[PDB]
Each structure stands twice: as structure tokens, then as C-alpha cells.
């Protein structure tokens with residue numbers, strides 16, 4: 001398969017189903033590139049990793065970690081295209097994650113609570129969507145999240161579920177914090193120490209949450225567990241972030257000390273237990 | 001002089017000189033109003049009062065604190081002999097000194113090669129940083145663009161036109177950027193009795209992130225901004241100061257200012273001296289009583 | 001429990017014990033009223049009808065009754081509520097206040113010191129008791145303190161601890177000042193700026209001590225910390241005063257922080273300017 005097509009196939013997977021997580025449309029586009037493509041067994045384990053970076057035309061870690069997890073799962077006679085049935089098993093397996101999570105933390109969303117989130121998140125949406133359809137009564141505050149204003153999009157979405165929701169400037173988090181009971185957020189990437197890479201602004205929320213001792217919860221699919229051990233902002237590779245100057249990073253890092261619990265499709269986790277989980281995950285035969 | 005006149009005179013003062021503190025512009029037009037007022041002593045009082053609040057049509061704490069302090073300092077045949085105007089001009093002459101006293105006091109704390117972080121546009125911080133280039137100090141700035149009026153951007157150009165390196169960052173990247181800073185220098189719309197401050201929404205966030213990384217948080221502010229409020233939380237800042245300033249789905253949240261408690265501030269640089277938050281209550285009494 | 005009961009209950013708390021502070025007697029009554037409020041139902045109405053009673057108790061102009069009362073309702077965030085657990089925890093702690101202050105302060109009464117105090121103060125009394133129990137030797141001068149003469153009552157109480165004491169006219173304060181080593185005074189309330197509202201005659205005693213470099217010490221409980229910031233006498237609510245050929249009779253005056261050296265509290269020794277930080281912590285207790 002071709003690169004420009006590799007991209008067109010990838011972008012179209014997301015246009016046809018907005019519901020779909022970047023990473024899933026990507027590990028999915030590989031499954032298509034694999035079928036549609038043979039010669040040098042090397043070109044196999046090559047071209048695919050020679051294209052996971054190509055559709056690295058996203059800049060997100062989810063895509064990179066989702067992809068590495070995929071290529072690794074479909075491993076171990078040119079009929080070794082058992083890989084394709086492995087890939088479909090892996091794609092079938094990760095399409096149950098959101099739901100696993102949306103109900104793995106129904107108990108943490110308490111009736112009469114005021115929830116604060118940042119930007120848009122397909123996973124928090126399901127979590128909350130699961131909460132309203134379970135008759136839980138709650139309110140929500142969400143930052144507008146510059147520059148795409150995806151938090152506004154998130155607000156319209158919560159409105160359609162008839163959930164009371166207020167939009168606030170990113171600069172108002174410190175101010176509105178005292179009004180919330182807890183913070184729930186998504187993750188573009190769960191890092192090796194349990195910290196997370198997420199839409200720029202997540203870090204600040206976490207700090208204002210800790211300062212007022214509001215639990216800060218995180219919900220993310222296990223395919224977002226990435227092989228990285230950052231200790232500060234600078235540690236995050238620019239690949240993922242992007243005299244008068246301007247700096248427009250897209251994601252920042254939130255140390256594990258600022259996280260209460262991670263709700264994953266592998267269960268509830270304390271940030272410190274994440275590393276053992278990654279290796280337990282790989283040791284999946 | 002009637003309301004329409006006041007307002008136009010007040011806005012003129014600000015268009016005349018954009019670097020003039022909003023409060024300074026205000027006491028100036030109060031002084032002009034007091035000069036024209038053709039109305040006994042009692043009248044003059046509620047007259048120069050039922051207009052100060054009219055000037056309140058700039059929901060800034062400073063305009064309020066400045067006016068109050070002015071009426072206080074100015075207050076006391078007898079009629080005409082009103083030595084009020086004289087005191088008025090004297091008061092006006094001292095508060096116009098303040099900004100420079102702060103510049104001198106503060107720049108002293110900017111270590112050479114330091115990266116300073118700021119929020120929005122602040123005239124006094126601008127003067128503090130000029131006092132810094134003058135002291136031959138080399139530094140670099142990071143400033144939030146500050147929604148919704150993007151006043152941070154305007155701050156960046158001012159600095160660019162002074163030749164100091166300046167980088168603009170999204171309000172959402174303060175926690176992210178904190179790492180690269182040595183200290184935070186922010187102005188204030190008002191200084192409350194407990195030492196805390198009322199300022200451009202976004203300020204609190206910066207101070208909380210600053211404290212978490214043990215970065216000194218400095219405030220630079222003229223004393224006519226000392227206001228008589230003792231907030232315990234955000235809900236304690238009167239609404240007339242946070243709204244109209246400069247169904248199910250609600251953007252119902254557009255506060256213009258926020259509150260930063262005394263425990264998040266390291267030092268306040270004032271014309272009255274370098275004060276720690278606790279020391280503010282004694283200076284605020286001395287200020288308001290001095291007369 | 002209804003209004004009749006409250007006022008009766010509150011009054012019989014102090015009845016069964018005159019040595020009790022008004023705010024403590026008032027706080028205990030909110031605790032009973034709370035308990036005897038099962039007739040209520042929503043966690044909201046308990047907290048609501050509970051505010052209705054503070055006012056009722058407000059029938060005791062005392063500042064501490066307001067602040068103690070407010071602080072009480074604050075330390076408490078279905079039909080089944082653990083608020084009472086907090087209300088008793090709260091009562092349990094303000095009951096240690098007076099004593100923490102006595103063993104915190106007595107240590108500062110040097111041997112042979114002559115102390116000057118004003119009118120009657122339960123806290124100042126506990127303090128001196130701790131000093132004679134500590135085997136310290138001092139003497140006291142106390143203003144008779146018009147119009148109720150509580151100073152004379154204070155004097156007799158002290159005489160019964162065998163502490164040498166002399167009663168003097170409220171007008172003889174500036175006169176007697178030169179023979180005092182320090183001044184100790186209680187407080188009806190502690191204001192946001194570290195200043196204090198107390199029995200009329202306190203202000204001038206402070207100004208006088210100031211002019212002779214005599215240290216001036218306030219000893220008071222934390223439930224007396226109140227949300228006020230007065231710049232002069234007029235700024236003191238009349239609810240607490242009773243005032244500003246006529247006569248004036250304010251029952252309390254205001255003493256500025258510039259006139260106080262140290263405040264001895266259950267939160268520790270404080271300078272007036274540090275009161276604002278402690279008042280904040282104190283009011284945002286629950287967090």
C-alpha cells in the first residue's frame with residue numbers, strides 16, 4: 001500500500017466515524033496495509049514500522065503506542081499471515097475498552113457531584129454518558145481548551161445528554177476549582193511512571209486539584225500505555241508536542257504524584273502500579 | 001459637569017495617555033469635577049461621590065479604591081474657602097510617584113540571566129522591567145496571551161519594542177512552562193486586607209503552579225489599590241469587580257478577575273515598601289488613616 | 001427544641017456555671033438544639049434552622065457568640081448525619097482553649113513583675129492562676145472598671161488566690177502605668193487586623209502602655225476571631241457597642257494592632273499582623 005493512501009485511508013476512517021479514537025483508526029489502517037501487502041519477509045516487519053511513523057502525521061502518542069502494541073501482538077511459512085487474524089483479534093479486543101472503563105468507575109461518579117474536565121474526550125464522554133443513563137445526577141465544568149476550542153464541542157455533547165454544563169476559559173481553572181468535587185480526564189498517553197501526556201492544560205488542572213485536595217481521576221484505554229519515562233516537560237519528545245516568539249505545545253505532562261486513580265480496561269490502578277501493568281500486558285502470551 | 005461629561009473626560013484621560021493607571025485617570029477627572037462643581041459642602045460631598053460610583057463604569061477595584069482614598073484624603077464663607085482642591089492636587093502628585101518607586105524596589109530582585117514569567121498586560125510590570133534593562137540586567141520573559149482580550153500579546157510587543165526577549169504562551173501552558181521560569185512577576189488590580197490580590201483571571205492558577213515548584217511569586221502594585229476586603233474564597237470577591245469588566249449549556253462563567261490568597265504570594269512591591277502578605281493589614285490602616 | 005427552650009437552655013448552661021464563656025455556652029446550645037432537631041428532615045434544613053438559632057442566641061450582644069456561632073456552623077458540612085460528630089469534636093476543642101492559653105502565657109510572667117490588667121477577664125484569671133501554681137511571685141493592679149465594677153470582682157477573685165492586688169480608678173491608669181512591668185488583657189473579640197474589641201477603657205490603657213514602652217499582651221481564644229476590619233471606633237458595629245445634656249455609654253472600644261505587642265492564643269503566640277493568616281486557616285478549617 002502507498003503512503004499518501006496510507007494517510008487517506010487513515011484520515012477517512014476518522015471522518016466516517018468521529019466516535020473512533022485516533023489510535024484505533026491507525027492500528028486499523030495498518031491492518032489494512034498488511035492485508036493489501038509480501039516479498040522480503042523483512043519488508044514486512046519493515047514497511048509497517050516504516051509507516052506507523054508515516055501516519056505519525058498525527059503527532060499523538062496514542063498512535064505511536066497503539067501501533068507499537070499492535071505490531072508486537074502480531075508476532076510469532078510465508079503463510080505467517082496468521083498475523084492478520086491476530087490483528088483482528090487485537091482490534092476486536094480493544095473495541096470493548098471504553099465500555100469496560102465507562103462502567104469500571106460508575107461507583108466513583110457520585111450522585112449530586114460537580115465534575116471538572118478538560119477539553120474533549122471520547123472516553124470521559126462515555127464514562128459520563130454511562131452515568132446519566134444510570135440515573136446519576138451531576139453537573140459539569142469544562143475548559144474551552146485553546147486553540148481548537150474542543151472543550152466547547154465537549155460541552156455541546158454533554159448538553160445533548162441533558163447534563164448541566166458550564167464552559168469556562170482555560171485561565172479560570174484555578175478560580176472554579178473550589179466549586180468542583182473531582183476532576184476526570186482523558187489521556188493521550190499513559191507513561192511508564194503512571195504520569196500522562198495530554199492536551200496542553202492538563203498539568204495546571206492537576207496542580208490546582210492537588211492544592212485543594214480534589215481527587216484527580218484519569219480514564220484511558222490500555223493501548224495508550226507508552227514506552228516513555230519522562231520526569232518533566234522537557235523529557236517529552238517534540239514529536240508529540242507539535243525577539244518575540246510563540247510556543248504552541250499541544251500536550252503537557254502530569255507527574256504521577258498529581259494523579260489519584262487511573263481507570264483503565266485492565267482495571268483501576270494507582271499511578272505507581274502502571275509499570276508492572278505494562279509488562280504484565282506484554283506477557284500476554 | 002454631568003455624567004456624560006465625566007465619562008468622556010475620564011476616557012479622554014485614558015486615550016490621552018494609555019500608560020496612565022485607570023485609577024489615576026479616574027481621580028484626575030474627579031479632581032476636574034470637583035473644580036467645576038457649581039453646587040454647599042454637603043452637596044459637594046455626595047456629588048463628588050454619586051459620580052465616583054458613576055466612574056464605577058469601569059468595574060475595576062482600583063478606580064474604586066483610588067476614588068475612596070481620594071475622597072478620604074480630600075475630606076475634612078467656609079464654603080468657597082475649600083482647601084480641598086489643594087489637597088486634591090497634592091494627593092494626585094504623590095500617587096503619580098508610586099509606580100516609579102516600585103520599579104526601583106523590584107528590579108533589584110531580578111537575578112541576571114533570569115527568565116521571568118508574567119500574566120496579561122501590566123503597566124507597572126512593564127515599568128519594572130524597563131528599570132531592569134536600565135540596570136544593565138539581562139533577562140527573558142514568558143507571558144500568557146490572556147483571553148479573551150489577548151492583552152498578553154500587547155504586552156509582548158511592548159517588551160519586543162524594548163528589545164527584551166519575550167515568548168507568548170497559551171493560558172493553558174503555565175503549568176507546562178513554569179519549569180522554565182525562575183520567578184513570577186505579576187501586577188494587581190487590587191490588594192486586599194489579608195495581603196491577597198485581585199487580578200486578571202488566570203492569576204490564581206499561575207501562583208498555585210508557582211508555589212508547587214517553589215518559584216517566587218512577586219506582586220508589584222501601587223498603594224491606591226489597597227482595598228478594604230478580606231476574601232476567604234473566590235465567591236467573596238464582589239460581582240461588580242468580576243463582571244462586565246475590562247439553559248442547560250452555560251458559558252455562564254466569564255469572571256474578569258480572580259483572587260490569589262496571601263499564602264500564594266511571596267512579596268508585594270509597593271510605594272509603601274517591600275511587604276509580605278501579613279504586613280499588608282498594618283500598611284492599609286496607616287494608609288487609610290494617614291490624614 | 002423551639003425558641004423558648006434555646007434561650008432557657010443557653011441561660012442555664014451559664015447558670016450551672018458562671019465561669020463558662022458565653023460563646024461556649026452558646027455553642028453547646030447549638031449542639032443540643034441540633035440533636036433535638038430530629039423533627040427536621042433534610043440535611044439542608046438542619047443547617048438552615050440552625051442559622052435561625054444563632055440569631056436567637058444573638059440576644060447576647062457578645063462578639064464571641066457571633067464568631068463562635070459562625071465558626072461552629074462552618075465546621076459542619078442523608079436524613080442520617082454525622083454533623084453531630086463534628087459538633088462535639090468542635091466543642092471538645094474550644095474547651096481546651098482557655099487552658100492552652102494559660103500554660104502558654106504564665107511562663108512569661110517574670111518573678112517580682114507587677115502586672116496591670118483591666119476589669120474582669122476569665123482568661124486573664126486562668127493565666128495568673130497558672131503563674132502562682134508555677135510558684136511565681138507577682139502583684140497586680142486592676143481598674144475597678146465602670147459602670148459594673150467588674151474590676152472589683154476580678155480583684156476579689158485574685159485575692160482568693162493570695163495574689164497581692166490593688167484596685168484603682170479607670171482614670172488612674174495613665175498614673176499607675178509607671179509602676180507596672182507589663183499589661184495583660186482579655187478580649188471580647190479579635191479582629192482581622194490583629195486588633196481587639198474589649199471592655200471600654202482598654203483602648204486608652206493600650207495607648208498609655210505604649211507611651212511608656214510597657215509591653216501590652218492580649219490573651220484570647222480562637223473562637224473570638226471575627227470577620228471585621230475597623231479603622232477606628234465608629235467602625236465597630238453597635239450590636240456590640242450600644243452607642244456611636246446627653247450621655248454616651250459604649251460598652252466596648254477598639255484597640256488597634258499598632259497598640260498590641262502579642263496575642264496569646266490556643267493557636268500559639270501571635271503578633272497582630274499574623275492574625276489574618278491564622279483567621280483564614282481557622283475559617284477555612286474544613287478543607
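Numbers and lists here come from the model and the stated rules, or from a named source; no laboratory instrument gave them. Every residue, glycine among them, receives a Cβ derived from its backbone with ideal geometry; neighbour counts consider all protein chains shown.
For residues that are assigned to a loop (DSSP other than H, G, I, E, B) and not assigned by CATH to the domain that holds residue C:171, scanning just the range C:65-123, find the one that is surrounded by the fewest Cβ atoms within 10 Å (Cβ to Cβ). It comes out as C:80.
Restricting attention to the range A:152-175, the residues that are more than 7 Å from chain B (Cβ to nearest Cβ) and in contact with a helix residue (DSSP H, G or I) (Cβ under 8 Å, 6 or more places away or on another chain) total 5.
Looking at the range B:32-46, which of its residues are over 16 Å from residue B:93 (Cα atoms) and either in a helix (DSSP H, G or I) or touching a helix residue (DSSP H, G or I) at 6+ places or on another chain (Cβ under 7 Å) (or both)? B:33, B:34, B:35, B:36, B:37, B:39, B:41, B:42, B:43, B:44, B:45, B:46 - these are the residues of the range B:32-46 that are over 16 Å from residue B:93 (Cα atoms) and either in a helix (DSSP H, G or I) or touching a helix residue (DSSP H, G or I) at 6+ places or on another chain (Cβ under 7 Å) (or both). The single condition among (1) surrounded by 24 or more Cβ atoms within 10 Å (Cβ to Cβ); (2) farther than 17 Å from residue A:172 by Cβ that residue B:248 does not meet is (1). Of everything listed in (1) within 16 Å of residue A:23 (Cα to Cα); (2) in contact with a helix residue (DSSP H, G or I) (Cβ under 8 Å, 6 or more places away or on another chain), the single unmet condition for residue A:114 is (1).
Filtering the range B:194-219 to residues that are within 7 Å of another protein chain (Cβ to nearest Cβ) and surrounded by fewer than 24 Cβ atoms within 10 Å (Cβ to Cβ) leaves only B:212.
Looking across the range A:13-31, the residues that are surrounded by 13 or more Cβ atoms within 10 Å (Cβ to Cβ) and outside any loop (DSSP other than H, G, I, E, B) come down to A:13, A:14, A:22, A:23, A:24, A:25, A:26, A:27, A:28, A:29, A:30, A:31.
Scanning the range B:228-273 for residues that are in contact with a strand residue (DSSP E or B) (Cβ under 9 Å, 6 or more places away or on another chain), in a strand (DSSP E or B) and away from chain A (no Cβ under 14 Å) yields B:267, B:268, B:269, B:270. In the condition set (1) over 20 Å from residue B:228 (Cα atoms); (2) under 16 Å from the mean Cα position of the chain (by Cα); (3) within 14 Å of another protein chain (Cβ to nearest Cβ), residue C:279 is compliant with all but (1). Residue count for the range A:171-193 satisfying the condition of being under 11 Å from residue A:274 (Cβ atoms) and surrounded by fewer than 24 Cβ atoms within 10 Å (Cβ to Cβ): 2. Flag: residue B:183 does not match the condition of being within 23 Å of the chain's Cα centre (by Cα) and within 13 Å of chain A (Cβ to nearest Cβ).
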